[PDB]
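One structure is given below, encoded as structure tokens.
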Amino acid sequence: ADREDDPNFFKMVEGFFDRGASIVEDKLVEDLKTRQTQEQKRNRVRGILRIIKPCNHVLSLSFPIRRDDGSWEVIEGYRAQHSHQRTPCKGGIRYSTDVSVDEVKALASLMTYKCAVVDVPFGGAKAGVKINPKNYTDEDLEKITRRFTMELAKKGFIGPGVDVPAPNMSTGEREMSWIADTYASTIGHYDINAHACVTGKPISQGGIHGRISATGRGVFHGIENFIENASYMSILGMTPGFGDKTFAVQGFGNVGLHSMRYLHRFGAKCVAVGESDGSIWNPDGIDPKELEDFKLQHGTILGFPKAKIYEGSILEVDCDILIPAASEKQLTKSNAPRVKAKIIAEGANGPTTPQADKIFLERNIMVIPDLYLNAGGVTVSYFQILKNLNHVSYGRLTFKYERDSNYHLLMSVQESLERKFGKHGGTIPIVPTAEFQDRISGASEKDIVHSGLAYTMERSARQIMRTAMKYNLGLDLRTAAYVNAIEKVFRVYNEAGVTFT
Amino acid sequence: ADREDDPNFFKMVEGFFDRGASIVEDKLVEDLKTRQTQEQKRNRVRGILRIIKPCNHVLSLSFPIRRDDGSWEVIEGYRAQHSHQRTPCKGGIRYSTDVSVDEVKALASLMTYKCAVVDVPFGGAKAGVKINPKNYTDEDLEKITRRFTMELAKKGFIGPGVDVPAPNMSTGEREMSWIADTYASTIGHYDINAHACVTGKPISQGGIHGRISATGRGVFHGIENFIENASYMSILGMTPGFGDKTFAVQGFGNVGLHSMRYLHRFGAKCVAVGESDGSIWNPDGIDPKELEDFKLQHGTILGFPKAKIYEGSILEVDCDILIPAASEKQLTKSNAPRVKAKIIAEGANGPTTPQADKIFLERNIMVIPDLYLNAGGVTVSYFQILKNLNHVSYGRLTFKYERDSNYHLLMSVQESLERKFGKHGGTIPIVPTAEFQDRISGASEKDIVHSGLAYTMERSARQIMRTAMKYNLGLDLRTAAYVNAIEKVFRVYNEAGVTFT
Amino acid sequence: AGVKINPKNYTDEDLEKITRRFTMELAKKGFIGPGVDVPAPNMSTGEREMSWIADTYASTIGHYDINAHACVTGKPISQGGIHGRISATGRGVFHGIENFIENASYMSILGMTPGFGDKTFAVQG
Amino acid sequence: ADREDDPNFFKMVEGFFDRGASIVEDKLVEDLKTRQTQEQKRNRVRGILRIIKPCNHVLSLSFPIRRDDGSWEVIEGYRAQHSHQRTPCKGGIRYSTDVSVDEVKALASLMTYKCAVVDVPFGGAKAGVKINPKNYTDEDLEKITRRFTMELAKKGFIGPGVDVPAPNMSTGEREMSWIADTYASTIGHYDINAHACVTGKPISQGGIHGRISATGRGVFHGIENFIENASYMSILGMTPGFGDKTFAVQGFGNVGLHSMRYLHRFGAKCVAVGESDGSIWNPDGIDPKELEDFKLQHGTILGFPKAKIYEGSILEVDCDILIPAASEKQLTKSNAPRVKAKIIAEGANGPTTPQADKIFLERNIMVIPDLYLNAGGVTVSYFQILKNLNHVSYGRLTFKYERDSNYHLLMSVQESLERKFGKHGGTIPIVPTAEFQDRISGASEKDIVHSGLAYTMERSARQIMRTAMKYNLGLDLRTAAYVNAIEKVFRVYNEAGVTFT
Ligand SMILES: NC(=O)c1ccc[n+]([C@@H]2O[C@H](COP(=O)([O-])OP(=O)(O)OC[C@H]3O[C@@H](n4cnc5c(N)ncnc54)[C@H](O)[C@@H]3O)[C@@H](O)[C@H]2O)c1
Ligand SMILES: NC(=O)c1ccc[n+]([C@@H]2O[C@H](COP(=O)([O-])OP(=O)(O)OC[C@H]3O[C@@H](n4cnc5c(N)ncnc54)[C@H](O)[C@@H]3O)[C@@H](O)[C@H]2O)c1
Ligand SMILES: NC(=O)c1ccc[n+]([C@@H]2O[C@H](COP(=O)([O-])OP(=O)(O)OC[C@H]3O[C@@H](n4cnc5c(N)ncnc54)[C@H](O)[C@@H]3O)[C@@H](O)[C@H]2O)c1
Ligand SMILES: NC(=O)c1ccc[n+]([C@@H]2O[C@H](COP(=O)([O-])OP(=O)(O)OC[C@H]3O[C@@H](n4cnc5c(N)ncnc54)[C@H](O)[C@@H]3O)[C@@H](O)[C@H]2O)c1
Ligand SMILES: NC(=O)c1ccc[n+]([C@@H]2O[C@H](COP(=O)([O-])OP(=O)(O)OC[C@H]3O[C@@H](n4cnc5c(N)ncnc54)[C@H](O)[C@@H]3O)[C@@H](O)[C@H]2O)c1
Ligand SMILES: NC(=O)c1ccc[n+]([C@@H]2O[C@H](COP(=O)([O-])OP(=O)(O)OC[C@H]3O[C@@H](n4cnc5c(N)ncnc54)[C@H](O)[C@@H]3O)[C@@H](O)[C@H]2O)c1
Ligand SMILES: O=C(O)CCC(=O)C(=O)O
Ligand SMILES: O=C(O)CCC(=O)C(=O)O
Ligand SMILES: O=C(O)CCC(=O)C(=O)O
């Protein structure tokens, strides 16, 4: 409720898109070489960006579920499929009373540009049931999410080839298991890819190792790629490395917890934690496990044995990095001017407002765009659909060959050496180091996920920097990202003849 | 723009639904006999009506079309499917810049209760592209409506068995022809019912005689059933019959024109005609043909050689019957108190506001609900889907048998008589009257449509009256109608176990 | 078709779950649908379960079937039933008898008279 | 016909399932952490195992085929799909007059637990036509199996994504070719995976190298993993290795022949061979090729030039290992007490009865469960579906890159060494050994199959041992296996919310 400065979530993201469209329009028109034209090229380049902004299809459901206590109850649901330029649209299903067609619509677009930035071949999409998961019983929720899967199913809003839902606020591997089981037992009964209809599902259901921690681990990698490039941190008037840094995370949920888990592991210090109901603050730092354990057995962090119940704005906390990890539009124009963190790690979707951005730019703050920072979720989710398609857990088929061959390879150099340096050399044993030893069988699903996310995160980062440079965005990483997210999403459209009218 | 009194179209209709739900709730709970209960019956009866109110599925599209002059253009579209209690949902596709998700949502619900009232087995639905048909070329429009049909097609929002679109504001047999041709040449290529995906289509494309005039002819029948029942017209402090009456129609479009065509034919006098751009008023009456011809060659009625360009509120015109035949919510609280017409023939969807209704009740005015009055469109549209399913034009198979047999039947009584009254009787020729002669081959498609609409319109009327009586609604025909539209739409839900949770 | 339960042991809701779930199972193997197999009532099943069956079939597979509701018969009137289905088998049993109880020839071997009017009967179940 | 002790095949396997369910129930309830409960956890854990035991869907066909000599003939067929917890159910199609709904039902369940044990992601299933392949002409058989494929096809009992048939008794790559050709020329005409509907098909039809020998090679690997772990063989009061061992195989068919082929290759001695019609016994050992060749040109082993027609119980033969490789329930309570073999290699499905098991336990005999031992067929069959999905024969895309790169790698260490040890070193050629040489291009389809089966077989073995230990099963390998096959098959169910009621 930011009074002046509580913008329409879809138009906001739409706007962010627009600023990048500015820094690029020309070059789009430029590279564009379509013969007969002048700046007709421009208008073309101009129509396309207009065609990109809006959501293609948005479905609004309303369906009954019989509450445990007899009572019938109509429920609201939405699934916006922003783009198809890449087909399987992807996006999480948010369970919160705060959902709405515009909220989901934006959350959807953020998915399409997000995937662009990180090179994950999906269009964007987003779902949202309008309930408060804490009011329904665990069984009400099954009925609701199983029924919601059926409804989306019969209108083209879910399935391995059209739209692939995943987790978000108040949804996790549980509902992803429910969704997959009613889809695969219903429509996909004959689909060889029946279970790739959703991602973020449990391991026993076809999940992949590292999806729970994925977004956090990505938030972590997002930061590192930037917290270790002096140049940037110098403008930050800070040092390189988490090791001497400090951070405070808003929301202690999926991305929140794990983001804190990873930063902590790399020496960063978590001085504060914000939650729907309250804050915490131990300057001597809080321990991600301890805190999580407490949260686990208290359904709350409030009253953590080792930190005073802080009362203020968790966002206003004094710490090098603030990582918003909950609802959108939190760092608004009315609090931006005092967030006092050098780095804003946008782990949540759309946490900072255009106005707040402006301030951050002025206050000279680096806000790593959610549009790149939380791309760690779709990447690993991509490695899950990929997995599902492959029908094999990584390694199972090669491990042995991989190992045997590897030993032979070494043994080649060995004998090679012995044969020359004969009997004096006598025996020159060639042995894999500790490290290589634990790699002698090749990568496993866990290796691929981690190593993979790491490569994609680091790549999209440099991708963002070059752009930030070429255009002097400086610490305006976002619109540099949009610039990217715009020419990829543009190259597809343009080269497709746009539309069959 | 009715300042105080320009209500949310969906909540308005929702409300109308609610008042009827009041006059019935009890009896619903009553008839309801489900064993174990008390007034649990009530809560049940209460959940169901809650489950009925909202739209099941609503799809919001946005798609590009390349305007004739190169320019790319994103377009807005919606298709709300209010209910499925009866499967093929039905509703027209409105082309107006005034469309919106809520407008369509309401227009959709009005379809489901409307069909209930007139016993046409379809759930309600409504479509709306957001354009002003006068700005696009005739070809822009094909591209738009053919492209819109494709989009709705791939999400379950059109097809002989799910949703069957039809005409509405700024759409007619032309676009209905376009829709059917891209549906049947695309998805329905193998559908034996490929062409029943839409109704209101041209005759050469599988239309039915009387669909263009259907809604008007229905508006006419709606009035007669009420303008000839002294009792009502007595409260009206009026006489029985159109013959000595006078009326003024708003909007000179599909329902408008033809409504005027039919009333005129039955002696009623059309003193005024309102149009988007202007009014007309000849007290000596205007001629529906003359006026139409002029409109045809002038794309306007303005400046009709035989009537002075009236300037006022066509709705405020002094005439026995006012027939709103255009955009919704026109007789608002701010003009209701001076409409000066004894009968309000709601040919348009939702023209009178709850407040205006109240006034009309007070001023003691009879507003025949659109919820029954314009049901003439869905009825004949129902006779078109029915036709399409049958794959035969009415009569073709029987006409001859029908005729031959008929002559034999008469010739039986003939000989029967002669045989007794022998030679004196000598020859007693039995011959069909003029009338029977033109019925000797049995009904034709035109007979069925007309005779059929006539029967359904007159039936739903008496159905409305009995209800108006049983509950003392008096001249509050609407909520009597909702009372009907509610227990049919209720009987289905309840007896279906409601929902698979 | 035959489910192996005793309807008097399950609650009225157990039964919905069972028959709705049974309709889904038959559905995905070709054992129900307007064009392959059309279930109807029998012992311990009636217009109620026929309503349940039709609603999970038509809300599931037959969502696009123009004949989604002909997947089952014997369903309630509000669901697409027909007048006389409940009484149908009985009325047929009646007509079956008459056609035979009024043809002396047969009833003569029966050493009986023509007509129900002077007859007497006992029904099991 | 084991008089007392000829159990209902489905209940038998059901029982085996039950004993494992005992040794685990607790821990299932244990690990299970679902909040609100007590030993409610138990009941839950108890319902699930009840839900697992029975077959989901079982289809019973009867269809005509016109016997070559005019005569019409009705045929019996069954296809039981035991589970879906993993979708593509898998199982062979048995052609024998001994098929029956219960036989197939059991054979089906054995498939689901079998695949569990060896980590092959398929539910279990089994098919059975009721004919004696020796009575019909080779053409009768095509008609029958092509017609059977069509029937199963139209009821959901065959297809790349629901159920994938494979060989079994009296069916082989021939019928698997027939099945695939009528499926892919019929329903799967547009299926990109049309040919993965069946596995075990010929190479020219999309087979994989090693499927014929797969089950045998697996039986072999199954034994080795156990015949070389002193500890076990010590209780066996035997030595480690096939090299000094001796065995007798029942049934000289697919698994039979090849099992003998592989054991023989590793020094084991095949003293006897049993066949539907007769036994053989050369103590000096029989040669798998010789015997096969003779069988090939004599449609029988009876009268093998190098072994006396033995008359007794091939199962009662004096030999270290007895490998049942034919019909089920052969080592019953009435012959178990005198089988005189230290190791029972269950190559056939369900050859030993619970009673016989008990005896074997008492006599202190190790029966390696069919539930793990013949898993070599589904594994390679899994590598065939996998292959079919991939649409590429292993290696084709990488061989060259693989090789080139490999040589460069070596040449790196080479120059690396030379550069230091300069001109004295002068030339230190680094050359792949013989072994590495024949691996320089990376694995081929044959490498993957072999190396792959080897890894999976050896893994599931250790998996069985740890379990046999943790619970003191000792030489009761089976119920240790079920313990495994039960918590995997349990983890899926439980975490799926079980069922949408
Ligand atoms: N889970 C993913 O894979 C993923 C991927 C990308 C982006 N995200 C974003 O992360 C955010 C939340 O993470 P999640 O949804 O994965 O976890 P979650 O559903 O566990 O997150 C909710 C957590 O935030 C707390 N919370 C909610 N609103 C709060 C508020 N206003 N103040 C303080 N605490 C609040 C809740 O109590 C809870 O601990 C959202 O912005 C979502 O879009 C998640
Ligand atoms: N049909 C399903 O419900 C389902 C679920 C998951 C995975 N899959 C398939 O498997 C592939 C990746 O998963 P994965 O299982 O190959 O990899 P994985 O080895 O990463 O799977 C891990 C778990 O599954 C177990 N497992 C393997 N096969 C099993 C079986 N038949 N029964 C019970 N447990 C079994 C392993 O022992 C382990 O506990 C995907 O390509 C997909 O087609 C199917
Ligand atoms: N066509 C049908 O079958 C059908 C069926 C039921 C209800 N209706 C209702 O009838 C109404 C319009 O009839 P139509 O849509 O069939 O015909 P149409 O699309 O020809 O109607 C539009 C006509 O009204 C005029 N018009 C529009 N807005 C006006 C305004 N504010 N003032 C004066 N004139 C105006 C236009 O200039 C035009 O002559 C709508 O309320 C629609 O829901 C139509
Ligand atoms: N497939 C299509 O495009 C199409 C179009 C319209 C009607 N139909 C079918 O026909 C049925 C009702 O229409 P109908 O034509 O039977 O009734 P109808 O007799 O009311 O049709 C009137 C017009 O079609 C003409 N006509 C009939 N058959 C024709 C043909 N083969 N070619 C050209 N003109 C022909 C008549 O001479 C007349 O001008 C529906 O059941 C539907 O399946 C199909
Ligand atoms: N083929 C596979 O991939 C596979 C996989 C797993 C388990 N199995 C099991 O192996 C067994 C048979 O192997 P197969 O079916 O692959 O080969 P097959 O169909 O060639 O086997 C039949 C062989 O056993 C002989 N035979 C049949 N009944 C006999 C009896 N009672 N006594 C002596 N000889 C008899 C036949 O004459 C023939 O030589 C079955 O138990 C089957 O379930 C096979
Ligand atoms: N559509 C079919 O009937 C069919 C059959 C087998 C394999 N496949 C496809 O091929 C894949 C694995 O089989 P593969 O052939 O790639 O591997 P492969 O190289 O192991 O196949 C071996 C045999 O096919 C031959 N071969 C390859 N392409 C051929 C062609 N176009 N025509 C005739 N012979 C050809 C090789 O020379 C060799 O004799 C699968 O992914 C599947 O989609 C299709
Ligand atoms: O792609 C996924 O699996 C989840 C995407 C999502 O909601 C996010 O990245 O916020
Ligand atoms: O049912 C039809 O064909 C048209 C319905 C419609 O729009 C109306 O009755 O206003
Ligand atoms: O999975 C396969 O291909 C065959 C399975 C089978 O019948 C067995 O393992 O006995």
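In the structure tokens, each chain is lettered A, B, ... as it comes, each chain's residues begin at 1, and ligands are numbered from 1 in order of appearance.
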
Using only C-alpha atoms, determine which residues of chain C fall within 7 Å of chain D; present them as a CSV table (one decimal) with N, CA and C atoms, in the first residue's frame.
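Output file result_4.csv follows:
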chain,number,residue,atom,x,y,z
C,17,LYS,N,-17.3,-40.7,-4.8
C,17,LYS,CA,-15.9,-40.9,-5.0
C,17,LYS,C,-15.6,-42.1,-5.8
C,21,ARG,N,-14.7,-42.0,-9.7
C,21,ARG,CA,-13.4,-42.6,-9.9
C,21,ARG,C,-13.4,-43.8,-10.9
C,29,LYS,N,-9.8,-46.4,-20.9
C,29,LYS,CA,-9.4,-47.7,-21.5
C,29,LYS,C,-10.4,-48.1,-22.5
C,30,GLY,N,-11.3,-47.2,-22.8
C,30,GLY,CA,-12.3,-47.4,-23.8
C,30,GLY,C,-13.6,-48.1,-23.4

As a ChimeraX atom specification, please: the residues near residue C:113 (cut-off 8 Å, only C-alpha atoms, same-chain neighbours under 3 positions excluded).
/C:104,107-108

Checklist entry - What lies within 7 Å of residue C:40 using only C-alpha atoms, ignoring chain neighbours under 6 positions off, as a ChimeraX atom specification? => result /C:50,72-74

(message) Within 6 Å of ligand 4 (counting only C-alpha atoms and all ligand atoms), which residues show up? I'd like them as a list in words.
(response) residues 205, 206, 387, 388, 389, 390, 391, 392 and 393 of chain B

task = Enumerate residues in contact with ligand 8: an atom-to-atom distance of at most 9 Å, counting only C-alpha atoms and all ligand atoms. Format the result as a PyMOL selection string.
result = chain B and resi 89-94+107-108+110-111+114-115+120+122+124-126+164-169+198-200+211+215+347-349+370-371+373-382+384

- Message: I'd like the neighbourhood of stretch 5-13 of chain B as a list in words, where a residue qualifies if any of its atoms comes within 8 Å (using only C-alpha atoms), though same-chain residues fewer than 3 positions away should be ignored.
- Response: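 These residues fall inside the cut-off: residues 1, 2, 16, 17, 102, 103, 105, 106, 107, 109, 110, 329, 332, 333, 334, 350, 353, 354 and 355 of chain B.
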
Residue subset to file, keeping C-alpha atoms, as a tab-separated table (two decimals), in the first residue's frame:
chain	number	residue	atom	x	y	z
B	1	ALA	CA	-21.15	7.84	-17.98
B	2	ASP	CA	-24.05	8.01	-15.49
B	16	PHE	CA	-30.59	-9.05	-10.44
B	17	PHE	CA	-29.76	-12.77	-9.93
B	102	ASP	CA	-16.46	-7.40	-16.98
B	103	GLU	CA	-18.76	-6.31	-19.79
B	105	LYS	CA	-18.57	-11.50	-18.20
B	106	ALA	CA	-22.00	-10.01	-17.55
B	107	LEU	CA	-23.14	-10.34	-21.16
B	109	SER	CA	-24.14	-14.60	-17.57
B	110	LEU	CA	-27.14	-12.94	-19.17
B	329	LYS	CA	-27.16	0.61	-18.99
B	332	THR	CA	-30.28	4.82	-15.51
B	333	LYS	CA	-31.53	6.41	-12.30
B	334	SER	CA	-30.83	9.83	-13.86
B	350	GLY	CA	-28.92	-5.03	-19.62
B	353	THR	CA	-30.07	-0.27	-14.06
B	354	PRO	CA	-31.33	-1.60	-10.71
B	355	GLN	CA	-31.99	1.99	-9.60
